[PDB]
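The next block holds one structure in the form of structure tokens; read it before the comments.
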Amino acid sequence: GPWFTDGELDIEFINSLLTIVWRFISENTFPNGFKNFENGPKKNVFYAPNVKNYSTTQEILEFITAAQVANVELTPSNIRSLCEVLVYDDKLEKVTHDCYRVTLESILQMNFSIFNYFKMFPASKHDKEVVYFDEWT
Amino acid sequence: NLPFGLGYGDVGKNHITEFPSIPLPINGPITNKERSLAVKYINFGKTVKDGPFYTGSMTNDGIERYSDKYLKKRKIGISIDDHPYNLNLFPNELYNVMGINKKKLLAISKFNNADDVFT
Amino acid sequence: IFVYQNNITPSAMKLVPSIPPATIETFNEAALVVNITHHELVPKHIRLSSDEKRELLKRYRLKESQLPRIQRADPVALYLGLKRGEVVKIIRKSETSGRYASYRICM
Amino acid sequence: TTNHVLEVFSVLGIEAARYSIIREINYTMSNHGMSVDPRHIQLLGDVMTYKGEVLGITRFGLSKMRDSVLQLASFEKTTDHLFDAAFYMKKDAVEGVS
Amino acid sequence: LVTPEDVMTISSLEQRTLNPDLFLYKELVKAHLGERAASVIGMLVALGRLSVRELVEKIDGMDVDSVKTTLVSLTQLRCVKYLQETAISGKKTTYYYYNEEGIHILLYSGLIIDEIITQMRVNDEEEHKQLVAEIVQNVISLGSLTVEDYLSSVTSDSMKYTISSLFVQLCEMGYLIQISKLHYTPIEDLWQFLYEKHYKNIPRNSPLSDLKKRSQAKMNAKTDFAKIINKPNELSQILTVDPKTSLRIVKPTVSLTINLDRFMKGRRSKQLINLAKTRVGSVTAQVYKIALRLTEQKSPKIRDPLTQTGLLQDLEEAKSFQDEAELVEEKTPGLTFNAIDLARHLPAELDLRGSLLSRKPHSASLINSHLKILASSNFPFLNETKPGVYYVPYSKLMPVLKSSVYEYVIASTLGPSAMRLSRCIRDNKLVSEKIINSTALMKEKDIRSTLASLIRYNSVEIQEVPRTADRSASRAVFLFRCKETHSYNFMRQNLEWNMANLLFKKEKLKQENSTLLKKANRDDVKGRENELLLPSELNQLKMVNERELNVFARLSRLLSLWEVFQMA
RNA sequence: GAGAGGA
DNA sequence: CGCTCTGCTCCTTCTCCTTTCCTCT
DNA sequence: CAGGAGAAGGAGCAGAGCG
């Protein structure tokens with residue numbers, strides 16, 4: 001594959017491509033973009049349900065072609081596989097007919113409610129009664 | 001047969017951690033609302049320990065003394081039987097141990113919303 | 001007592017021991033031609049009631065789990081139709097000792 | 001009457017099986033001219049036929065007679081008996097001579 | 001190096017062997033009831049269905065009176081579910097089970113009081129919030145209460161009227177229900193009893209067919225089973241209207257307890273709101289929250305229609321349950337709602353004007369549009385019954401909620417790559433390492449590392465395909481599946497054990513430093529800590545209290561994290 | 001360890 | 001009325017035992 | 001290296017009920 005380096009699948013180029021595709025999808029699927037979240041979740045607005053907030057694979061192809069960041073020719077199937085990989089981690093929510101619109105969690109994690117675990121702080125040092133996931137295994 | 005992805009340097013001693021190193025994110029500092037729950041978790045529990053339904057247990061000399069006399073009883077212990085009971089719920093065989101014929105007395109577990117935690 | 005002729009379907013055997021108050025038993029016609037109790041090697045069995053069993057247990061200071069048991073479906077047990085926990089007294093005859101009594105229970 | 005003890009047990013109860021065991025052992029040891037008291041033979045028959053069914057003196061017939069795990073392990077099939085007693089968590093009370 | 005003589009002391013290895021259910025139940029009962037009750041509950045969990053004689057035999061504290069006092073203590077607090085069966089052959093015997101709902105009630109006490117206070121719009125008035133908190137505290141601590149005793153405890157007529165009104169309001173809301181012998185009968189044995197008296201009564205003539213006879217018996221039994229299950233939830237006791245002054249008053253003689261099913265439905269609503277807060281805006285989350293609060297009372301039970309536990313599911317007709325549930329899930333009159341009701345009940349503090357952008361207050365159209373955007377997402381937050389009519393599908397929302405919670409727990413504990421691998425294996429099916437690399441786009445070294453670290457739990461299962469006569473390695477291939485049921489069950493057990501460990505540590509710390517804790521209440525010196533005790537005692541008491549506070553906060557977090565796996 | 005008396 | 005599970009019963013292929021020890025070499 | 005005896009899976013039919 002075009003994404004292999006020295007016979008192995010490198011991640012740095014893949015991570016950069018994932019980041020730029022994710023940012024493009026987020027900008028396309030939100031009213032104004034990241035500047036809708038500088039104030040916080042208390043004022044952000046969202047697109048109407050009837051609008052086409054998603055972004056098909058072809059839009060991603062056009063953006064990556066006009067950006068010239070991948071620096072190599074990428075087929076629509078390869079970009080589809082890449083954005084399907086990005087579908088995991090609760091990013092790039094999948095919509096029928098090969099459409100993508102970023103999840104709200106993906107932009108919430110850029111900065112009890114277990115879902116937003118990134119906000120919670122690690123336990124203090126030399127503290128007892130701290131819960132460990134593998135304490136029973 | 002050493003595997004492809006291993007070398008002799010990393011093998012030789014079998015050190016298992018025996019201590020956890022993967023913590024859940026629930027260990028963060030408490031919040032004011034969480035501090036409330038606790039109190040309604042420490043208070044409850046405290047009330048039932050003071051409650052008549054405990055039977056938790058799994059000086060006292062027989063010599064009469066004027067010192068122990070003129071001293072008040074510690075409290076008015078409320079046993080399990082004295083509590084009012086809905087007889088139709090319990091099994092029949094336990095009737096011999098309850099207060100089937102005993103003076104009615106019910107204790108009210110008052111709730112103090114003010115925290116009893118120091119500072 | 002159901003004396004079947006030649007063969008019993010296993011489903012019938014499954015249905016046999018499902019009656020709380022009463023009970024039924026199966027006897028092959030071939031299995032009933034000469035009664036077992038009249039064979040020379042079969043000693044005289046006697047069914048002991050509850051009172052006799054209690055007397056025996058008090059006399060020998062035993063329990064119901066220590067006497068030499070006799071299996072249920074034993075040909076001389078199902079003949080008398082002993083229920084589980086019934087003591088049978090056996091008049092065993094030996095040439096060097098005459099007659100003597102040995103006790104069994106149905107398990 | 002047949003020579004086979006188990007056949008007599010199947011067709012004539014367990015008491016007839018005990019009688020057959022005693023009589024056949026006595027006949028075998030009398031045809032050979034040896035003088036063994038019949039009371040020992042009777043004790044052997046009773047030992048074989050007191051659990052309810054005819055039980056041999058192999059490692060299979062002993063496992064259905066003696067509960068003591070240590071005795072059975074000492075006799076035959078040691079590790080299997082010890083592991084079974086560990087699994088089923090048997091609680092033998094040491095009273096046998098072994 | 002840590003010697004084993006120290007590992008056995010400071011590694012929590014002795015308790016690591018206890019069964020999580022037995023550990024948690026025994027620890028809870030020991031903390032809230034005592035040691036005799038803990039022993040009895042431990043015997044009940046370990047053996048199951050013990051009579052009084054067997055409980056006496058299996059416990060060193062074999063005092064018959066002690067066992068009976070423990071049993072009445074556990075029954076009034078409904079920590080046990082007895083059963084009175086009659087032996088045909090002779091003397092009848094009564095067998096006791098262990099009641100999971102009562103122990104859960106002991107577990108959710110703080111959360112229960114928080115939900116009671118918050119859901120009823122009485123904390124705002126600030127005057128009867130204390131009254132309702134005391135009411136729920138007494139109900140949950142004493143087990144079962146009749147209103148006349150509580151009213152006779154107080155003297156003021158105004159207080160009596162306020163308490164009676166709060167009782168009526170709470171009973172109407174659904175948090176309080178009449179307690180009957182049905183609450184002290186196992187559901188499995190209840191279904192066993194109801195299977196007869198509908199199968200035995202069939203005449204000895206040819207029944208349709210034996211399979212059809214059993215089908216008729218099951219169909220007849222399910223009806224009255226559901227009827228008797230819902231009988232406590234019919235409000236047949238609150239309607240004692242007009243004894244005087246023509247007001248709605250609860251019947252004095254009827255005993256009332258707390259409805260655990262209602263509280264757990266509230267917990268499920270809160271979990272769904274938290275999930276929705278990660279998919280829609282704050283305003284839309286508020287709309288979903290108020291819709292959940294409106295439909296909460298009429299929602300189906302969290303656990304099951306109580307028929308799943310009763311018997312075998314079916315040959316394959318267990319899907320009928322789903323279908324039947326789905327039918328009620330779509331056709332209970334309270335479930336279906338339109339934007340008009342939400343706008344009627346929506347608080348005025350919500351802007352709901354500029355939240356939605358048309359193209360790249362309390363308006364009915366805007367609320368309908370927000371409901372539409374809720375229903376549009378792949379997560380079935382809402383589903384459309386009629387044009388403009390929505391209902392929250394609980395049947396199709398449990399699996400996605402469980403999957404999301406489990407995936408995020410994996411993401412938080414292990415690396416995010418663990419979540420990526422788990423979701424990749426789940427979306428795919430029986431995927432080799434090469435296809436994993438192709439469809440995950442990361443290093444195979446880290447793929448193998450994460451897979452090995454993840455197989456330690458029942459997250460990813462290895463399927464062995466043997467390519468030789470012997471199934472030994474180096475020739476066979478190894479595919480990977482997920483088996484989400486194994487993962488959910490294992491994580492539920494892990495969380496139960498963690499909660500039990502936290503409670504055990506809390507009780508141990510309370511016992512170790514019990515001297516100054518006892519002194520704090522020896523002479524009613526509470527609130528005078530600084531002015532009577534030595535500074536070292538002050539520091540020790542402060543540390544003990546802070547540790548207990550942290551323990552209970554972590555227990556609340558663990559409860560909020562494991563409720564979802566407890567759902568079904 | 002295994003080769004063989006031996007009674 | 002064939003069809004389709006259970007259930008039973010063969011049938012085959014597997015596992016655990018074979019004094020006493022009493023020496024030397 | 002022979003001899004004996006159990007436990008465990010395939011495998012081929014009766015038997016029951018059925019839609």
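Residues in the structure tokens are named by chain (A, B, ... in the order shown) and by number from 1 within that chain; ligands are numbered from 1 in the order shown.
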
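Summary of the local environment: counting only C-alpha atoms (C1' of nucleotides), residues at most 12 Å from residue 540 of chain E, other than itself and those fewer than 3 positions away along its chain, are residues 118 of chain B; 509, 510, 512, 513, 514, 515, 516, 517, 520, 529, 533, 534, 535, 536, 537, 543, 544, 545, 546 and 547 of chain E.
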
Filtering to N, CA and C atoms, could you give me those residues as a PDB file, in the first residue's frame?
```pdb
ATOM      1  N   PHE B 118     -15.682  16.969  59.809  1.00  0.00           N
ATOM      2  CA  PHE B 118     -14.900  18.051  60.392  1.00  0.00           C
ATOM      3  C   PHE B 118     -14.394  18.994  59.308  1.00  0.00           C
TER       4      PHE B 118
ATOM      5  N   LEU E 509     -10.789   0.839  57.854  1.00  0.00           N
ATOM      6  CA  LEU E 509     -10.265   2.104  58.362  1.00  0.00           C
ATOM      7  C   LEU E 509     -11.120   2.641  59.500  1.00  0.00           C
ATOM      8  N   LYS E 510     -12.443   2.479  59.409  1.00  0.00           N
ATOM      9  CA  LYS E 510     -13.308   2.899  60.505  1.00  0.00           C
ATOM     10  C   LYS E 510     -13.013   2.105  61.772  1.00  0.00           C
ATOM     11  N   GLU E 512     -10.147   0.489  62.582  1.00  0.00           N
ATOM     12  CA  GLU E 512      -8.791   0.676  63.096  1.00  0.00           C
ATOM     13  C   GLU E 512      -8.686   1.927  63.960  1.00  0.00           C
ATOM     14  N   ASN E 513      -9.285   3.031  63.517  1.00  0.00           N
ATOM     15  CA  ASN E 513      -9.251   4.291  64.249  1.00  0.00           C
ATOM     16  C   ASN E 513     -10.544   4.547  65.011  1.00  0.00           C
ATOM     17  N   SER E 514     -11.171   3.492  65.531  1.00  0.00           N
ATOM     18  CA  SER E 514     -12.492   3.622  66.132  1.00  0.00           C
ATOM     19  C   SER E 514     -12.476   4.365  67.461  1.00  0.00           C
ATOM     20  N   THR E 515     -11.312   4.506  68.100  1.00  0.00           N
ATOM     21  CA  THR E 515     -11.269   5.113  69.428  1.00  0.00           C
ATOM     22  C   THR E 515     -11.699   6.576  69.391  1.00  0.00           C
ATOM     23  N   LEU E 516     -11.086   7.373  68.513  1.00  0.00           N
ATOM     24  CA  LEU E 516     -11.433   8.789  68.461  1.00  0.00           C
ATOM     25  C   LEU E 516     -12.800   9.007  67.826  1.00  0.00           C
ATOM     26  N   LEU E 517     -13.209   8.126  66.909  1.00  0.00           N
ATOM     27  CA  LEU E 517     -14.571   8.192  66.390  1.00  0.00           C
ATOM     28  C   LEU E 517     -15.590   7.984  67.503  1.00  0.00           C
ATOM     29  N   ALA E 520     -15.735  11.023  69.678  1.00  0.00           N
ATOM     30  CA  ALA E 520     -16.433  12.146  69.060  1.00  0.00           C
ATOM     31  C   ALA E 520     -17.904  12.189  69.452  1.00  0.00           C
ATOM     32  N   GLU E 529     -15.099  19.909  67.935  1.00  0.00           N
ATOM     33  CA  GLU E 529     -13.880  19.134  67.735  1.00  0.00           C
ATOM     34  C   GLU E 529     -12.635  19.938  68.097  1.00  0.00           C
ATOM     35  N   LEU E 533     -10.596  18.439  71.791  1.00  0.00           N
ATOM     36  CA  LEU E 533      -9.683  17.345  71.499  1.00  0.00           C
ATOM     37  C   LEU E 533      -8.281  17.867  71.215  1.00  0.00           C
ATOM     38  N   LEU E 534      -7.305  16.977  71.371  1.00  0.00           N
ATOM     39  CA  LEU E 534      -5.920  17.321  71.098  1.00  0.00           C
ATOM     40  C   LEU E 534      -5.708  17.514  69.596  1.00  0.00           C
ATOM     41  N   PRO E 535      -4.755  18.368  69.203  1.00  0.00           N
ATOM     42  CA  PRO E 535      -4.561  18.630  67.764  1.00  0.00           C
ATOM     43  C   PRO E 535      -4.239  17.385  66.955  1.00  0.00           C
ATOM     44  N   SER E 536      -3.510  16.432  67.538  1.00  0.00           N
ATOM     45  CA  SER E 536      -3.270  15.170  66.846  1.00  0.00           C
ATOM     46  C   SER E 536      -4.577  14.431  66.595  1.00  0.00           C
ATOM     47  N   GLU E 537      -5.474  14.426  67.586  1.00  0.00           N
ATOM     48  CA  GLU E 537      -6.791  13.833  67.384  1.00  0.00           C
ATOM     49  C   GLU E 537      -7.571  14.583  66.313  1.00  0.00           C
ATOM     50  N   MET E 543      -8.509  13.354  58.787  1.00  0.00           N
ATOM     51  CA  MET E 543      -8.060  12.418  57.762  1.00  0.00           C
ATOM     52  C   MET E 543      -9.027  11.250  57.612  1.00  0.00           C
ATOM     53  N   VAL E 544      -9.533  10.719  58.727  1.00  0.00           N
ATOM     54  CA  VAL E 544     -10.486   9.612  58.658  1.00  0.00           C
ATOM     55  C   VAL E 544     -11.751  10.042  57.921  1.00  0.00           C
ATOM     56  N   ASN E 545     -12.279  11.220  58.265  1.00  0.00           N
ATOM     57  CA  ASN E 545     -13.495  11.693  57.615  1.00  0.00           C
ATOM     58  C   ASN E 545     -13.270  11.941  56.130  1.00  0.00           C
ATOM     59  N   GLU E 546     -12.124  12.523  55.767  1.00  0.00           N
ATOM     60  CA  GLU E 546     -11.848  12.760  54.354  1.00  0.00           C
ATOM     61  C   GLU E 546     -11.710  11.449  53.591  1.00  0.00           C
ATOM     62  N   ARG E 547     -11.065  10.449  54.197  1.00  0.00           N
ATOM     63  CA  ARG E 547     -10.940   9.155  53.536  1.00  0.00           C
ATOM     64  C   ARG E 547     -12.298   8.496  53.343  1.00  0.00           C
TER      65      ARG E 547
END
```

Subject >> Contact set, chain B to chain A: 10 Å, only C-alpha atoms, as a ChimeraX atom specification >> reply: /B:18-29,34

**OP:** Please provide the set of residues having any atom within 6 Å of residue 88 of chain C, restricted to only C-alpha atoms (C1' of nucleotides), with same-chain residues fewer than 2 positions apart removed, written as JSON, numbers by chain.
**Re:** {"C": [46, 47, 48, 103, 104]}

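With atom CA of residue 468 of chain E on one side and atom CA of residue 430 of chain E on the other, the separation reads 20.0 Å.
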
Subject >> Residues flagged helix (DSSP H, G or I) by DSSP in chain D, as a ChimeraX atom specification >> reply: /D:5-12,15-31,38-48,59-63,69-75,78-87
